[PDB]
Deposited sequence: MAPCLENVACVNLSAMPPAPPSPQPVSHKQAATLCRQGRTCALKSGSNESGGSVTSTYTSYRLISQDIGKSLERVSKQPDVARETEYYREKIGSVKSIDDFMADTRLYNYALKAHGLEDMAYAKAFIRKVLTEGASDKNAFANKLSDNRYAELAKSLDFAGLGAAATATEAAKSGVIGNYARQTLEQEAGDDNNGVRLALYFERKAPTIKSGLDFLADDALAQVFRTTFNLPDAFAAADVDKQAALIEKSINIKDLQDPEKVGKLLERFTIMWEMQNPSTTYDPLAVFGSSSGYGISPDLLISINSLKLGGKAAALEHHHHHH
C-alpha cells in the first residue's frame, strides 16, 4: 500500500526517427531551446530562480513552479500544490523522506533538483537547480514534441535519457515510461509485485550504465514497438 499520488489530470520506421534525433541531439536540443515558448520561459527561470530562498518563495511563484514540474514531467500533477510542497519539505536525502516512500520516483527527482530541505537557502544556488532543470525542461519539450508524432520514439529518447538512473528492477517499474519500454521489448499486462526480479534476471541491471549496450537494447525496443504499434 504505497502512499497514493495525484494521477495525471491537466517496418523499422520508429528506430529510424529515434536514431535521427538521438544522433544530432545537440542540434535538436539547440533548435528547441530556440522555440519562442521555451525561450521566454527558460529566460524567466534563469533570472529568477537564484532569488528563491525558500519552499514558500518557490511555491509563491507559479511560473517557476510550473517550470520545475514540466521539466520533471510532473506537469499534470502541478495542481497538487499541497503534494508538491510536502515532497519538497521532507527532501529526498533521508531514506525516510516522504518522497522516498512514494512509488513514482519522479517526485524524489524534483526534490533532488530543489533541495530546500537539505540545502536551505543554498538550494537555489546549484547546477541541479538552475542548469539542471533548465536542461530537462528542454529534453522534456523535445521528447513530448516527438511523442505527439511517434510515442514509441518519445519512450526511446526518454529511456536513453533516464537510462543510468536505473540500478534496480525496482528503479525500473518506478516509472510508467521506463517500465513501458520493457513490457514492450519483451512483449507483455504484468501487474505483480516481484516483476522486478523477473527483470533483473531477464537483464543485467548493471549494464544499462553503458551508453552503448543501452542503444542496442532500444534497438530491439524501437522495432519491437514499430510492430506492436504501427
Need the unmodelled segments of the deposited chain, numbered from 1, in order. 1-19, 30-53, 232-236, 279-323
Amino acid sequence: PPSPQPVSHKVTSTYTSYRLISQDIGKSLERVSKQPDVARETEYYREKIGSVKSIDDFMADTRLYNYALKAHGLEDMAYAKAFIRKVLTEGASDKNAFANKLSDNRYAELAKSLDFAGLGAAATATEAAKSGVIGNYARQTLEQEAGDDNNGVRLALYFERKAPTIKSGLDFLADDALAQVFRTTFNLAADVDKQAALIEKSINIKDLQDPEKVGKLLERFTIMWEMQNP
From here on, numbers count along this sequence of modelled residues.
Entry B factor averaged over C-alpha atoms, 22-30 against 35-43: higher for 22-30
Comparing 44-52 with 159-167, the one whose average Cα B-factor in the PDB entry is higher: 159-167
Going by what the PDB entry lists, where does residue 70 fall on CA B-factor within its chain: lowest, middle or highest third? lowest
C-alpha B factor of residue 62, ranked within the chain: lowest, middle or highest third? lowest
